[PDB]
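Take this sequence and fold it.
(chains A, B, C, D, E and F)
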Amino acid sequence: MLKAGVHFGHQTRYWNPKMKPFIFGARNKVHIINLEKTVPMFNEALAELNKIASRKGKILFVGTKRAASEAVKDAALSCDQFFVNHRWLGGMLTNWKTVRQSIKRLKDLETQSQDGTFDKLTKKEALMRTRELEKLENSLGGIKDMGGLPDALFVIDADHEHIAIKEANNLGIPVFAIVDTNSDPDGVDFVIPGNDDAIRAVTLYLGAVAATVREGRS
Amino acid sequence: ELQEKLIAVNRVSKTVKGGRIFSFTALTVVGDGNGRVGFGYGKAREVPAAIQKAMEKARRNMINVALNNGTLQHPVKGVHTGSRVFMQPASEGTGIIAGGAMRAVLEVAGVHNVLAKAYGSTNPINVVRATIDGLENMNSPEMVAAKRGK
Amino acid sequence: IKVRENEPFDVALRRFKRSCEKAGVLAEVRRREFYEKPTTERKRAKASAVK
RNA sequence: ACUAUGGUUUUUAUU
RNA sequence: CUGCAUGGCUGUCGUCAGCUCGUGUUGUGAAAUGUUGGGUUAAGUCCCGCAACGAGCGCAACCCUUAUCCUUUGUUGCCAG
RNA sequence: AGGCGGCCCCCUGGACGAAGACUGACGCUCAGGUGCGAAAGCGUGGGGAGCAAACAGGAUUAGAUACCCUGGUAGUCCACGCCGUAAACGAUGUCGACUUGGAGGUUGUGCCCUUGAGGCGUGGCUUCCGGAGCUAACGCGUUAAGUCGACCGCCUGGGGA
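Residues are numbered from 1 along each chain as shown, chains lettered A, B, ... in the order given. Structure as follows:
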């Protein structure tokens, strides 16, 4: 993605003792990942993501980590995909049989504003009716049309998004994650070297992942 | 790809005031008949719903194991918490045989002949789990992919 | 006597910080950030130790 | 806490 | 004769605000959860918020009534013009 | 190990650390056997401030053979022995070894003149969480209840016991 199978390194202090098989030392004071694994680790992930998207396999992008909460759509609409950035309330993919009703509660909360008094008055119920309506309308706006389950999950941070990676491991769904020397590679099926804090990283790095799904849609 | 079997529905013995509480509990097993199986328990105020809940608890709890065309590949041992099992393949004119959890969990694993006994703890939600270890201990004939080829 | 302040008093009333008006018990729950207090009032400290 | 201080009510058809 | 057989009738804590269910999570399991937390009220009353999310019953609201107004009628009453 | 701190001097078995050598399987564990008492108990004296089974009474109470108080023998102390037992506890048999981290106590040791108002490495022992792993649960986890190899002892229902 974006700059090919090359390494640069990130951060000068505190890294995860589980990353010993992937760390190569320090270069320009930052810790760096082994080039000899960087090259294939990118390639096997983009080559499978191309194939999943070629089966029309639905890709779900997660942006519950603040830096990606807008890029999860504004940098990802470049392909056919779905997106979430709010908290999941538990079971958002593992409890679909009961969670599918949230889209019908979003339908019913709009019907509660069909009263003839709601048009003519200015503040009485105008804010009372919006406490859940305008939060469900926001949190579901990138997934409500899907009507089912995704076939792959993409995360910017495997420690922040872990409460959703748990549901992917309950459905046997492959999770694709960005990793650094302070990340942990467990519970995720594909891992690629990167960060979310230089600076302004995901603003183009996530666009280079949406570019893989765009090639899956030819 | 989805094969389901019931072991027992029973009435719970828990007393509440004037009698034993009106609920039913079901124990079930679910698998694919060729390499996956799991166990589930469920409770309801009617028999069909206890099964409906247990069968889903089994379908959400499946484990990956190896078979040889509904036959045992070798004599195999299984262990769980305070319990043990032993299972071996049969010869012609015999094969059924067995009761309780073993008559259920092996039929959703695709098994059509066995000789088996369970030891130690008698609770079927423990016996079924020593039987699952007693399948996960069995060696695969599958050609996956270099070690034994091919 | 193991006293905090003594000798020139002789007082009709005794008071000393962080030993009266109860200030608890078990107040630092779900979550009681106290806006800024733990940032200074728990630096030293270090007598719990730890364990 | 300076309230110095303390015992019973049948086993047996029932909640 | 029998409310330790059953439908109906009916008492009180108390007119107290509380009691629970479907599905997910946890635990081997009886169960735990949500109903707990944080503001606020007479009130699980009204809001905020979490591995919980949604929901019924009761609470509060109708109606009876009091301080006024709109309106119509008048002896056996009241009795000024 | 049980345990061992008021202090000073004399005697004395080992402990931990930094770095090497020469010897050359001499090892590790153990039925019986050998050596070591916490407190109480005994024999023979000394010592006797208090404390103190039991004792004689107060007071409380329905009772007081408990608590509180007044008095108190054996014992506690010293010397030499007998007694040999305990929740003798990390309830983890004795030995060899592997395998992530984090907030602490105590104590050797390598190097830098500490840039300066410092520390970073590296052995031993201990405290509380805790990973891989385990257990019924609670716990353990480099001081393992985990995984491995060696040796010796014990247990097979409760009430009687």
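
Residue 28 - how many residues pack around it?
Reading this off chain A. 8 (other C-beta atoms under 10 Å in any protein chain shown). Just so you know, the C-beta spots here come from the backbone N, C-alpha and C atoms, and that holds for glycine as well.

ah, I was thinking of chain C
If you count neighbours by other C-beta under 10 Å, residue C:28 ends up with 11.

cool, the one 3 residues further on as well?
Burial measure for residue C:31: 6 neighbouring residues, criterion other C-beta under 10 Å.

same question, the one 5 residues further on
The local packing of residue C:36 (other C-beta under 10 Å) involves 8 other residues.

RNA strand F versus that one, what's the distance?
In this view, residue C:36 and RNA strand F are 21 Å apart by C-beta to the nearest atom of the strand, to the nearest Å.

Just the element for that residue, please.
Secondary structure from DSSP states H and E places residue C:36 outside every helix and strand.

which residues does it contact?
Residue C:36 is in contact with no residue at all, counting by C-beta atoms under 8 Å, 6 or more residues apart in numbering or on different chains.

And for the residue of chain C found nearest RNA strand E, the neighbour number?
For chain C and RNA strand E, the shortest gap (C-beta to the nearest atom of the strand) falls at residue C:30, measuring 3.3 Å. Using other C-beta under 10 Å, residue C:30 has 4 neighbouring residues.

That one: what secondary structure?
The local conformation at residue C:30, judged by DSSP: H, G, I helix; E, B strand; the rest coil, is coil.

Tell me the backbone dihedrals of the residue lying closest to residue B:150 once chain neighbours are set aside, please.
Leaving aside its sequence neighbours, residue B:150 sits nearest to residue B:143 (C-beta to C-beta, 6 or more residues apart in numbering or on different chains; 5.8 Å). Note on residue B:143: backbone dihedrals following degrees, to the nearest 10 are phi -90, psi 70.

Residue B:143 contacts residue B:66, correct?
No. With contact defined as C-beta atoms under 8 Å, residue B:143 does not count as touching residue B:66 (11.8 Å).

gap between the residue most central in space within chain C and residue C:24?
Of all residues in chain C, the one closest to the mean position by C-alpha atoms, centre = their mean is residue C:18, 3.1 Å from it. Distance of residue C:18 to residue C:24, given as C-beta to C-beta, to the nearest Å: 11 Å.

which residues of chain A fall in helices?
Along chain A, counting by DSSP state H, helices occupy A:35-54, A:71-74, A:96-99, A:101-111, A:116-120, A:133-139, A:162-171, A:202-205, A:207-216.

Residue C:47 is nearest to which of the ones you listed?
The closest of these to residue C:47 is helix A:162-171. By C-beta to C-beta, the value is 35.8 Å.

and residue B:108, what does it touch?
B:3, B:4, B:5, B:29, B:30, B:31, B:33, B:37.

Now the two most distant members of these.
Every pair of the contacts of residue B:108 checked by C-beta to C-beta; the farthest is B:29 and B:33, at 11.7 Å.

Distance of residue B:113 relative to residue B:106?
10 Å.

List phi and psi for the residue positioned nearest the centre of chain B.
Residue closest to the average C-alpha location in chain B (C-alpha atoms, centre = their mean): residue B:105, at 2.6 Å. Dihedral angles of residue B:105 (phi, psi; degrees, to the nearest 10) stand at phi -60, psi -30.

ok, it touching residue B:37?
Yes. The pair residue B:105 / residue B:37 is scored as a contact, 6.1 Å apart, by C-beta under 8 Å.

list residues touching both of those two?
The contact lists of residue B:105 and residue B:37 share B:29, B:31, B:132, where a contact means C-beta under 8 Å, 6+ apart.

Just give me the neighbour total for the closest residue to RNA strand F within chain A.
Nearest to RNA strand F in chain A, going by C-beta to the nearest atom of the strand, is residue A:17, at a distance of 3.5 Å. When neighbours are counted by other C-beta under 10 Å, residue A:17 registers 6.

Next one: it relative to residue A:192, how far apart?
21 Å.

swap in residue B:73?
When residue B:73 is compared with residue A:192 (using C-beta to C-beta), they lie 40 Å apart.

neighbour count winner among the two?
Using other C-beta under 10 Å as the criterion, residue B:73 and residue A:192 rank with residue A:192 on top: 17 against 14.

Run a quick check on the more buried one versus residue A:5, I expect a contact.
No. Shown here, residue A:192 and residue A:5 do not form a contact pair, counting by C-beta under 8 Å, at 10.2 Å.

can you list residues touching both of these two?
residue A:42.

give me the number of residues near residue C:23?
Counted by other C-beta under 10 Å, the residues lying close to residue C:23 total 8.

try residue B:26
Residue B:26: 24 surrounding residues under other C-beta under 10 Å.

now swap in residue A:197 and tell me
With other C-beta under 10 Å as criterion, residue A:197 counts 11.

which residues are contacting the one helix or strand residue B:56 maps to?
Residue B:56 is part of helix B:47-59 when elements are defined by DSSP H and E. Helix B:47-59 has contacts (C-beta under 8 Å, 6+ apart) with B:2, B:4, B:6, B:9, B:23-30, B:38-44.

So which of those are in strands?
B:4, B:6, B:9, B:24-30, B:38-44 (DSSP state E).
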